[PDB]
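Peer 1: Below is the structure I would like to discuss, written out as structure tokens.
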Amino acid sequence: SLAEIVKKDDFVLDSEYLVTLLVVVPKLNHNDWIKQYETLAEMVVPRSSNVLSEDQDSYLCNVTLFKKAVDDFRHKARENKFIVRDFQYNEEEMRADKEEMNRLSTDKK
Amino acid sequence: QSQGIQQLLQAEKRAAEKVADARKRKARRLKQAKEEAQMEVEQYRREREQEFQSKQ
Amino acid sequence: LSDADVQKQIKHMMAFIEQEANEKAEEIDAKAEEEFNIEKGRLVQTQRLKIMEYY
């Protein structure tokens, strides 16, 4: 669960209508990711976002789309056969998880 | 497409600002409307009081 | 692809957002007018009932 890994500025701050989404996996399907990351779904806005992390197998792209249009993003991602990777924008709880992991690490000692 | 990106993020602000300020100014609109019409009705009622007191 | 196509694409969504928001804003204006008239029909009605009582 990304949390700490998240490049925090890659999301739409105060995503009242426009939120960022992440259903993107296999490398072998990324033959047209230059097209998809800007227009995988019709109304994507990718200028203010980037890939959160890179594997040799996948790129975890934080693609922008509308409150409802998250459904369209998922539809076209599934047209491309991508699989669950999203974050839901869970950042205060990212902080909580950082506190918890630090607590456990200190508890060990 | 960055021009579009930024200007349409600005458009998200148009919708939110106009709706929110319309909502917050609805209170003002309703309160002014109360301040006007109902006191005017009060004054008509007092005029009618004077009329019936004349008859009495 | 082209950033002009991007602008039109996103403007579809901005059209939906702004237009739903402003239609609801116009509904707020409908409140300010007709729900104001309804609050009149209520409170001024109570005032008029007061005046019948007094008469």
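Just remember, in the structure tokens the first chain shown is A, the second B, etc., residues are 1-based per chain, and ligands are 1-based in the order shown.
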Tell me which protein, DNA and RNA residues are within 7 Å of region 4-17 of chain A, counting only C-alpha atoms, leaving out same-chain ones fewer than 2 positions away, and put them as a list in words.
Peer 2: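 That gives residues 2, 19, 20, 48, 49, 50, 52, 62, 66, 67 and 94 of chain A; 12 of chain B.
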Peer 1: Output as a list in words the set of chain B residues within 8 Å of chain A, with distances taken over only C-alpha atoms.
Peer 2: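 Close to chain A, chain B has residues 1, 2, 5 and 12 of chain B.
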Peer 1: Convert the current residue selection to file output with C-alpha atoms, as a CSV table (one decimal), in the first residue's frame.
Peer 2:
chain,number,residue,atom,x,y,z
B,1,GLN,CA,-2.0,19.9,-23.3
B,2,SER,CA,-0.6,21.5,-20.1
B,5,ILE,CA,-4.7,21.1,-17.7
B,12,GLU,CA,-13.0,23.4,-11.4
Peer 1: Show me, as an NGL selection string, every residue of chain B with an atom at most 8 Å from chain C, counting only C-alpha atoms.
Peer 2: :B and (1-5 or 8 or 11-12 or 14-16 or 18-19 or 22-23 or 26 or 29-30 or 33-34 or 37-38 or 41-42 or 45 or 49)
Peer 1: With distances taken over only C-alpha atoms, which residue among A:109, A:103, A:35, A:98 lies nearest chain C?
Peer 2: A:35
Peer 1: Just how far from CA of residue 65 (chain A) is CA of residue 41 (chain A), in Å to one decimal?
Peer 2: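 Pair CA of residue 41 (chain A) / CA of residue 65 (chain A) returns 8.2 Å.
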